[PDB]
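Colleague: Pasting a structure below so you can have a look.
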Amino acid sequence: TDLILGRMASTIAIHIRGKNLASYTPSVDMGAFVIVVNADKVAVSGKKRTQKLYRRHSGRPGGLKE
Amino acid sequence: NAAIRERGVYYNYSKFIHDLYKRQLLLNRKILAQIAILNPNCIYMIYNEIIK
Amino acid sequence: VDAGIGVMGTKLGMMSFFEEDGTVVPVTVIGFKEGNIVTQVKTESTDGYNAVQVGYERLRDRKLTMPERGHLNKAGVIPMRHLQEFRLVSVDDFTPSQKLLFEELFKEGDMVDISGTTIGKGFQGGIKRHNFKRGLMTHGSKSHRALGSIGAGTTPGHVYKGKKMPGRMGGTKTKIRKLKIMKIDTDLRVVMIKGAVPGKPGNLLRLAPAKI
Amino acid sequence: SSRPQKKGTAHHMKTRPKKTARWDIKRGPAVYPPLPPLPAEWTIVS
RNA sequence: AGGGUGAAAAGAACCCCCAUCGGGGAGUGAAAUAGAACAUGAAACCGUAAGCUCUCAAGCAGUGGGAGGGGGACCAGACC
RNA sequence: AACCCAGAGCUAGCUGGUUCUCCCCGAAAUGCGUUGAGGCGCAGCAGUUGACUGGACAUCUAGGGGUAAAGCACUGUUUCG
RNA sequence: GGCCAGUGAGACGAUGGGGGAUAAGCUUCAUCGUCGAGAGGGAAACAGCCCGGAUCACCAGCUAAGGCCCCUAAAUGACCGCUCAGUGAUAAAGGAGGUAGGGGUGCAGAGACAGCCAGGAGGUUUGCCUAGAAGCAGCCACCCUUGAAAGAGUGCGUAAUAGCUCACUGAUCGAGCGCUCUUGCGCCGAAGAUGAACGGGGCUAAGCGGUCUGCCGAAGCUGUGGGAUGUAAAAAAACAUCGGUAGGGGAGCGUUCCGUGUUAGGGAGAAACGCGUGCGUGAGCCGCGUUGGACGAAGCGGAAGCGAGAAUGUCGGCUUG
RNA sequence: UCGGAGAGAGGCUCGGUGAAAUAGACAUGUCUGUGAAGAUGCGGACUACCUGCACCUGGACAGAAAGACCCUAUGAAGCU
RNA sequence: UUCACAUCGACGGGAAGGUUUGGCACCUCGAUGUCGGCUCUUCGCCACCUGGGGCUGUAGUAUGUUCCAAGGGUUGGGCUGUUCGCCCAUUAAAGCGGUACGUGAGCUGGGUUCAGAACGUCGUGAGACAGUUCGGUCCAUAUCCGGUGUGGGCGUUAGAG
RNA sequence: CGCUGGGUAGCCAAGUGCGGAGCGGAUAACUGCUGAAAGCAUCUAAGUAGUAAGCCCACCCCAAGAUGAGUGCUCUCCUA
């Protein structure tokens, strides 16, 4: 709730790897499970809400999903 | 870096070298990253004597 | 989400109803082997959606396995072959205990949709699956009926997925829509319905009201 | 049109990382005070 | 284009499978895994058995680190 | 302008290819000439062996220029009174 | 100078030019840097751009170029300003009350700007034309007076008038208002054909300018240890060096045969074939084999049909499909 | 137009016999970008469990075959 | 009719695109098969129509121009090898292009005009023409990627319907 | 099928039925409503309304190999 998206994603990433542990080896799974409640109320800054597109595409042309 | 950042207060890896060469410790050669996990109380003595 | 419970019946040939005005209409004849008994209702409480589960074709117990007949005798009904639900909005009043629902609910509703397995035609070509054109039959031609060009040149380097190739044409179910009902028979267990249902006489057929 | 695209090695004189901040060019390495020389690495003991 | 079983054919008596070809015993021989396709028999190639491991995976197939596992071991920390 | 044999292992300024190891040194794609231009001869630039040598790199000074800048004193060219 | 080679197709980048269209990763020259013949790091990838010159080892440290949110090593570092376009990769002429400034010039406590309201008149329809031209189709100048100010009018409108309205002045509240240059970062201009396509995620800072301290960062340097080359002509020690294509020089290994050799050794297992917890800079040596069955080392020397991954090589064997 | 049905020989399956051109090894995705300026092999992202069978041929600058066209050779040959 | 900007816009200027003809000769000639047609895609918008709007010298019908928008459509024919183009009948309209002719390991004619012949012209001649005409073999069993269908194994943490 | 004349069931169309629905959501161009930075104004800077064959959803089918491998009902695990 009222957390901005990308910095929350980076600080979830830095625990999802295991780079807050002195046992960090980048070839094994030393990380930690995380749980993110209230995904419906994630803040963004500027004009992300109407201008940032999560487009995707299958293999065939003309399938780029706006 | 991941060993020093477990303090919570903003003490980075660069500041550990700030007060690792100002307090004259010639060249521990990053083998304190080895005894940082083989001897975590001894690296707590390292860092807690870097503070003083 | 459907706008109401439907039934299922079997196709029994086609004929022509003579309307007393003078017109001649081609109708399909629908029979009913056994009543469409509501077997299992799934509400919003114990399931993520709400649907009424009916079945069809009462059979011998040897024809039906132990989980099937255990599921049907959990409802206290007859052992039957076919089994389908209709997803319905949460205003339903349907008990799963042997509701032998009668077929009166479609005559005033002179619009119905039907679903069924169309007749399969096997591995058919591109000349009949996707309505292509054949090449020149003469003038020295050699690409009679063939598939022609498949892709573009070097820059794709592949062919686009979903490209119209030959394959197995029929066998999947289809729904044809808003088919106006006609003379039911309250003793012959037969419903006239002006149209053309998917499949030959004998197959299962979903008969459920419209979704317009 | 008449605007030439910058091709290879003209792309490299334009899009290479250049640190065009007059502060960050002035930086020399840090200087710590000199220490006395460390003793011998080992010693014959008989 | 195709050479070389043995030292000596001493080239397999007899029994079984069995229409043959072939195979197994037995017998000859120092050697039969020297059996007539017969001397040493390597690689590509085809296999079979044992140990570990692959079915959400993008890779000139390696290499550096090495989880887990297996084998003998004696400088048991080592080696594969 | 047949085929076979022989000269004939014709010729090819052309193409492909030329196989074990270690150490030291290390280019050139330029000029001239060519019935020559994808070849060659010489010079330039390598390797090794010498013989004469005392220079290289920094700083300063002196010489000729006519480029850049500039200018209309010559040669043109040009706006206005 | 002696002997003896290659090379004589260059490429891009900066500057100086010619050809072109001051177009080309275009062509030809002149000086230089790199590649060629140069590995590593930065450049997402990527010969020529920047740092940089690889003898080798280390599970060593310090740095250059460049970076310090995550993918991916190091600062979600500090303090000033800026940008609200995801600009942050992009292209211009031109437009713009965008925003942060800076320099000029003109009005105000004798009321400065914006809005409402009042006046905007007389000769006059200045003189020509036209039916009318009365400011409003136009031609020529384009007045003075009352005054607080009014222009032969700023535009609309009317057949023309009449009339709506403005430049200017009067009145109420009240304190900043104009109009020019100019940068910094922005906006539009700015649109392609398979699909985010601009490293990605993303970020109003993790973006852009100005400083301050540290860290990451190469095969650079340093440190500890080896090897070789040159001094050099024995050893030791020292200093310098040790990327490399075409190519040049020095030193060696291996193979079969021959002299020693009817050698040592060998049915108590030679050559072969297969094996290594061994040694070498390496070509290779030495050792071990429940396989094989008669030859044949080393050392000191010599001679070659002497060393294989390439020739749409070639001859046998055996695959793929 | 505008295709449609039917009969044979193939094609599909089973049993027998059984090749060939080709082939550096292939653990052989799409977009987009870069690169000798048209990449499964390099970079970023997305997408894909492994492996068959039947069809189709867009790519592998697919196979052939030291480009008949163009040019070079102080080449060859015919003809004038 | 007045009126630069409803609509054209002279004299000039600034861009974008890579669809024509060009320039360079950078990949490919131990082989990247050109032009047109058939079949079959897919994509761009610089919009012919369809949907919404502004302005109009838009009274209404029909427009002219322009903004957003590429979901869908864009005819049948006579000539020519034709692309293009002319014409007929229309249609809401009969768009322009990329994908190596988009597409000849899917298919056929004019052509890199191959070998025969003829006409004009050039040449003394052999022969030749970016002149014309007649005739003139076009291969192929998919290894992999890619595609469309359709399985089998295993997984989904007991096994199944 | 010797050549014809018709034809049931299949297959097919030229024949027969049906489809392309939405005062559903948000927008692009535009028209606005209050409305400030310059006591005037202005679709906008706060909020907000109509509206495109365009986007999404609804529409028909496949669909948990969606490895994130779902949910619900039911059957069976016995003898030494």
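Labeling convention for the structure tokens: chains A, B, ... as they appear, residues from 1 per chain, ligands from 1 in order of appearance.
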Sorted by chain and rising residue number, which residues of chain A lie within 12 Å of chain E, and what are their closest atom pairs and distances in Å to one decimal, counting only C-alpha atoms (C1' of nucleotides), as a Markdown table?
Modeller:
```
| residue | atom | partner | partner_atom | distance |
| --- | --- | --- | --- | --- |
| A:25 | CA | E:65 | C1' | 10.5 |
| A:26 | CA | E:65 | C1' | 10.8 |
| A:27 | CA | E:65 | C1' | 9.2 |
| A:28 | CA | E:67 | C1' | 8.1 |
| A:29 | CA | E:67 | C1' | 10.6 |
```
Colleague: Taking only C-alpha atoms (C1' of nucleotides) into account, which residues of chain G are within 9 Å of chain D, as a list in words?
Modeller: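 The selection requested is residues 12, 13, 23, 24, 25, 42, 43, 46, 48, 49, 50, 63, 65, 66, 91, 209, 210, 211 and 214 of chain G.
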Colleague: Please identify the helix (DSSP H, G or I) residues within chain B (assignment by DSSP from backbone atoms) and present them as a ChimeraX atom specification.
Modeller: /B:4-7,13-21,35-38,40-51
Colleague: Would you export the selected residues with N, CA, C and O atoms as a short mmCIF file (atom, residue, chain, number, x, y, z; two decimals), in the first residue's frame, please?
Modeller:
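Result file result_37.cif:
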```cif
data_model
loop_
_atom_site.label_atom_id
_atom_site.label_comp_id
_atom_site.auth_asym_id
_atom_site.auth_seq_id
_atom_site.Cartn_x
_atom_site.Cartn_y
_atom_site.Cartn_z
N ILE B 4 28.62 -7.08 5.63
CA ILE B 4 28.63 -5.80 6.34
C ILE B 4 27.24 -5.17 6.34
O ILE B 4 26.82 -4.56 7.33
N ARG B 5 26.47 -5.36 5.26
CA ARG B 5 25.15 -4.74 5.18
C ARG B 5 24.10 -5.35 6.11
O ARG B 5 22.96 -4.90 6.09
N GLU B 6 24.45 -6.35 6.92
CA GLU B 6 23.52 -6.91 7.89
C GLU B 6 23.40 -6.09 9.17
O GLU B 6 22.69 -6.52 10.09
N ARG B 7 24.06 -4.93 9.27
CA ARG B 7 23.95 -4.12 10.48
C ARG B 7 22.64 -3.34 10.52
O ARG B 7 22.15 -3.03 11.61
N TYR B 13 29.91 -1.07 1.98
CA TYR B 13 31.20 -1.71 1.84
C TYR B 13 32.33 -0.70 1.64
O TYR B 13 33.47 -0.97 2.01
N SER B 14 32.01 0.48 1.11
CA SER B 14 33.03 1.51 0.93
C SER B 14 33.48 2.11 2.26
O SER B 14 34.66 2.44 2.42
N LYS B 15 32.56 2.25 3.21
CA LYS B 15 32.92 2.81 4.51
C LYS B 15 33.70 1.82 5.36
O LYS B 15 34.49 2.23 6.22
N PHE B 16 33.51 0.52 5.12
CA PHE B 16 34.32 -0.50 5.77
C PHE B 16 35.77 -0.43 5.31
O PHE B 16 36.67 -0.79 6.08
N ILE B 17 36.02 0.09 4.11
CA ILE B 17 37.38 0.30 3.63
C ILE B 17 37.91 1.69 3.98
O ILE B 17 39.13 1.83 4.18
N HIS B 18 37.03 2.71 4.09
CA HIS B 18 37.32 3.98 4.77
C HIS B 18 38.00 3.73 6.09
O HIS B 18 39.17 4.08 6.28
N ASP B 19 37.29 3.08 7.00
CA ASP B 19 37.82 2.88 8.33
C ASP B 19 38.54 1.54 8.46
O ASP B 19 38.90 1.15 9.57
N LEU B 20 38.78 0.85 7.33
CA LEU B 20 39.70 -0.27 7.31
C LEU B 20 41.12 0.12 6.91
O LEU B 20 42.07 -0.57 7.29
N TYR B 21 41.31 1.20 6.14
CA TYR B 21 42.68 1.66 5.92
C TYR B 21 43.08 2.87 6.75
O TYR B 21 44.28 3.09 6.93
N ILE B 35 36.60 -15.66 6.65
CA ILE B 35 36.30 -15.73 8.07
C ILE B 35 35.08 -14.89 8.43
O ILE B 35 34.68 -14.89 9.59
N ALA B 36 34.50 -14.17 7.47
CA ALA B 36 33.19 -13.56 7.68
C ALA B 36 32.07 -14.58 7.73
O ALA B 36 30.96 -14.23 8.17
N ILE B 37 32.30 -15.80 7.28
CA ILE B 37 31.29 -16.84 7.34
C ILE B 37 31.83 -18.04 8.12
O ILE B 37 31.07 -18.75 8.80
N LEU B 38 33.14 -18.24 8.11
CA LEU B 38 33.70 -19.30 8.94
C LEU B 38 33.85 -18.88 10.39
O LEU B 38 33.94 -19.75 11.26
N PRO B 40 31.89 -15.82 12.17
CA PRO B 40 31.10 -14.58 12.14
C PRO B 40 31.22 -13.73 13.40
O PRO B 40 31.09 -12.51 13.31
N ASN B 41 31.50 -14.34 14.55
CA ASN B 41 31.78 -13.53 15.74
C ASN B 41 33.14 -12.85 15.64
O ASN B 41 33.32 -11.76 16.18
N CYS B 42 34.09 -13.47 14.94
CA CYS B 42 35.40 -12.86 14.77
C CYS B 42 35.35 -11.71 13.77
O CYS B 42 36.10 -10.74 13.91
N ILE B 43 34.49 -11.80 12.76
CA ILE B 43 34.31 -10.66 11.87
C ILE B 43 33.44 -9.60 12.54
O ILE B 43 33.55 -8.41 12.19
N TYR B 44 32.62 -9.98 13.52
CA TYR B 44 31.97 -8.97 14.36
C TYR B 44 32.98 -8.29 15.27
O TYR B 44 32.79 -7.12 15.63
N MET B 45 34.06 -8.98 15.65
CA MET B 45 35.12 -8.33 16.41
C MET B 45 35.97 -7.44 15.51
O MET B 45 36.44 -6.38 15.95
N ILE B 46 36.19 -7.87 14.26
CA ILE B 46 36.83 -7.03 13.24
C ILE B 46 36.07 -5.72 13.08
O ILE B 46 36.63 -4.64 13.28
N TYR B 47 34.78 -5.81 12.76
CA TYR B 47 34.00 -4.61 12.47
C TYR B 47 33.76 -3.77 13.72
O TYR B 47 33.82 -2.54 13.67
N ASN B 48 33.51 -4.42 14.86
CA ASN B 48 33.32 -3.70 16.11
C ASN B 48 34.61 -3.10 16.66
O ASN B 48 34.53 -2.26 17.56
N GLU B 49 35.77 -3.50 16.14
CA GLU B 49 36.99 -2.74 16.40
C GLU B 49 37.34 -1.77 15.28
O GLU B 49 38.21 -0.92 15.47
N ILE B 50 36.69 -1.88 14.12
CA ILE B 50 36.77 -0.83 13.11
C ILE B 50 35.96 0.39 13.55
O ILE B 50 36.35 1.53 13.30
N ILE B 51 34.84 0.16 14.27
CA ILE B 51 34.02 1.27 14.77
C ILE B 51 34.79 2.11 15.79
O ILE B 51 34.86 3.34 15.68
#
```
Colleague: With 12 Å as the cut-off and only C-alpha atoms (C1' of nucleotides) counted, what is the closest atom pair between each nearby residue of chain A and chain I? Distances in Å to one decimal, ordered by chain and number, as a Markdown table.
Modeller:
```
| residue | atom | partner | partner_atom | distance |
| --- | --- | --- | --- | --- |
| A:59 | CA | I:146 | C1' | 11.0 |
| A:60 | CA | I:42 | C1' | 8.9 |
| A:61 | CA | I:42 | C1' | 6.8 |
| A:62 | CA | I:43 | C1' | 7.9 |
| A:63 | CA | I:42 | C1' | 11.4 |
```
Colleague: Would you output that residue set with N, CA and C atoms, as a PDB file, in the first residue's frame?
Modeller:
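Done, and the output landed in result.pdb:
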```pdb
ATOM      1  N   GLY A  59       3.514 -15.732 -31.378  1.00  0.00           N
ATOM      2  CA  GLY A  59       4.449 -15.882 -32.477  1.00  0.00           C
ATOM      3  C   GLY A  59       3.984 -15.280 -33.785  1.00  0.00           C
ATOM      4  N   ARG A  60       2.681 -15.279 -34.037  1.00  0.00           N
ATOM      5  CA  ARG A  60       2.181 -14.811 -35.320  1.00  0.00           C
ATOM      6  C   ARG A  60       2.108 -13.286 -35.355  1.00  0.00           C
ATOM      7  N   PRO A  61       2.252 -12.685 -36.537  1.00  0.00           N
ATOM      8  CA  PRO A  61       2.209 -11.222 -36.624  1.00  0.00           C
ATOM      9  C   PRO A  61       0.809 -10.675 -36.400  1.00  0.00           C
ATOM     10  N   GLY A  62       0.757  -9.414 -35.982  1.00  0.00           N
ATOM     11  CA  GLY A  62      -0.514  -8.768 -35.722  1.00  0.00           C
ATOM     12  C   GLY A  62      -1.179  -9.210 -34.442  1.00  0.00           C
ATOM     13  N   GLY A  63      -0.422  -9.791 -33.518  1.00  0.00           N
ATOM     14  CA  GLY A  63      -0.931 -10.194 -32.228  1.00  0.00           C
ATOM     15  C   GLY A  63      -0.411  -9.386 -31.062  1.00  0.00           C
TER      16      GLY A  63
END
```
Colleague: Could you please select, counting only C-alpha atoms (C1' of nucleotides), the residues of chain C within 9 Å of chain H and state them as a list in words?
Modeller: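 Within 9 Å of chain H on chain C, we get residues 133, 134, 147, 148, 149, 150, 151, 152, 153, 154, 155, 156, 157, 158, 159, 160, 165, 166 and 167 of chain C.
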Colleague: What lies within 12 Å of residue 69 (chain H) using only C-alpha atoms (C1' of nucleotides), ignoring chain neighbours under 6 positions off, as a list in words?
Modeller: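 Result of the neighbour search: residues 29, 31, 33, 34, 112 and 114 of chain I.
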